[PDB]
Amino acid sequence: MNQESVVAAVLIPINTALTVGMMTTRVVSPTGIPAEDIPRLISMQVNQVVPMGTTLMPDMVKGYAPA
């Protein structure tokens, strides 16, 4: 029951295009966006200032959506 969740590998500001070099996978709680959405978050900007280490949420990304 330990699924890797997207984690701001770096200080991700608001309305900031997400990249593969900005996010990361880590077993954080609560478990947010799946590491499988990492490549789905790319090109997508955040709707909030997400600090480095702050789990990425689905309601914390613009134009985002599950798959």
# chains A, B, ... in the order shown; residues from 1 in each chain; ligands from 1
>>> residues_around(residues="range 47-64 of chain A", least_positions_apart="6", cutoff="7 Å", atoms="only C-alpha atoms", output="PyMOL selection string")
chain A and resi 5-15+28+32-33+41
>>> select_by_dssp(residues="range 19-55 of chain A", states="helix (DSSP H, G or I)", output="PDB file with N, CA and C atoms, in the first residue's frame")
ATOM      1  N   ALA A  35       2.983   8.661  -9.450  1.00  0.00           N
ATOM      2  CA  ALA A  35       4.237   8.864 -10.155  1.00  0.00           C
ATOM      3  C   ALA A  35       4.029   8.596 -11.646  1.00  0.00           C
ATOM      4  N   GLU A  36       2.892   7.989 -11.953  1.00  0.00           N
ATOM      5  CA  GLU A  36       2.561   7.671 -13.331  1.00  0.00           C
ATOM      6  C   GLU A  36       1.991   8.903 -14.037  1.00  0.00           C
ATOM      7  N   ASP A  37       1.700   9.921 -13.241  1.00  0.00           N
ATOM      8  CA  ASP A  37       1.151  11.156 -13.775  1.00  0.00           C
ATOM      9  C   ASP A  37       2.278  12.177 -13.945  1.00  0.00           C
ATOM     10  N   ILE A  38       3.465  11.779 -13.514  1.00  0.00           N
ATOM     11  CA  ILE A  38       4.627  12.646 -13.612  1.00  0.00           C
ATOM     12  C   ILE A  38       4.773  13.133 -15.055  1.00  0.00           C
ATOM     13  N   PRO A  39       4.700  12.159 -16.001  1.00  0.00           N
ATOM     14  CA  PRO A  39       4.822  12.477 -17.414  1.00  0.00           C
ATOM     15  C   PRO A  39       3.544  13.132 -17.941  1.00  0.00           C
ATOM     16  N   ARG A  40       2.524  13.130 -17.096  1.00  0.00           N
ATOM     17  CA  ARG A  40       1.247  13.719 -17.462  1.00  0.00           C
ATOM     18  C   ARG A  40       1.139  15.140 -16.906  1.00  0.00           C
ATOM     19  N   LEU A  41       2.014  15.438 -15.956  1.00  0.00           N
ATOM     20  CA  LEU A  41       2.027  16.752 -15.336  1.00  0.00           C
ATOM     21  C   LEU A  41       2.932  17.683 -16.145  1.00  0.00           C
TER      22      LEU A  41
END
>>> select_by_dssp(residues="chain A", states="strand (DSSP E)", output="tab-separated table (two decimals) with N, CA, C and O atoms, in the first residue's frame")
chain	number	residue	atom	x	y	z
A	5	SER	N	4.26	8.85	-4.88
A	5	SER	CA	3.46	10.01	-5.21
A	5	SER	C	4.37	11.16	-5.66
A	5	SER	O	5.47	11.32	-5.15
A	6	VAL	N	3.86	11.93	-6.62
A	6	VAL	CA	4.61	13.05	-7.15
A	6	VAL	C	5.03	13.97	-6.00
A	6	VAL	O	4.22	14.28	-5.12
A	25	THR	N	9.39	11.13	-7.54
A	25	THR	CA	8.57	10.10	-6.93
A	25	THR	C	9.06	9.78	-5.52
A	25	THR	O	10.26	9.58	-5.31
A	26	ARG	N	8.12	9.75	-4.59
A	26	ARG	CA	8.45	9.46	-3.20
A	26	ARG	C	7.20	9.02	-2.44
A	26	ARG	O	6.10	9.52	-2.70
>>> atom_distance(atom1="CA of residue 18 in chain A", atom2="CA of residue 65 in chain A")
13.9 Å
>>> atom_distance(atom1="CA of residue 31 in chain A", atom2="CA of residue 44 in chain A")
19.6 Å
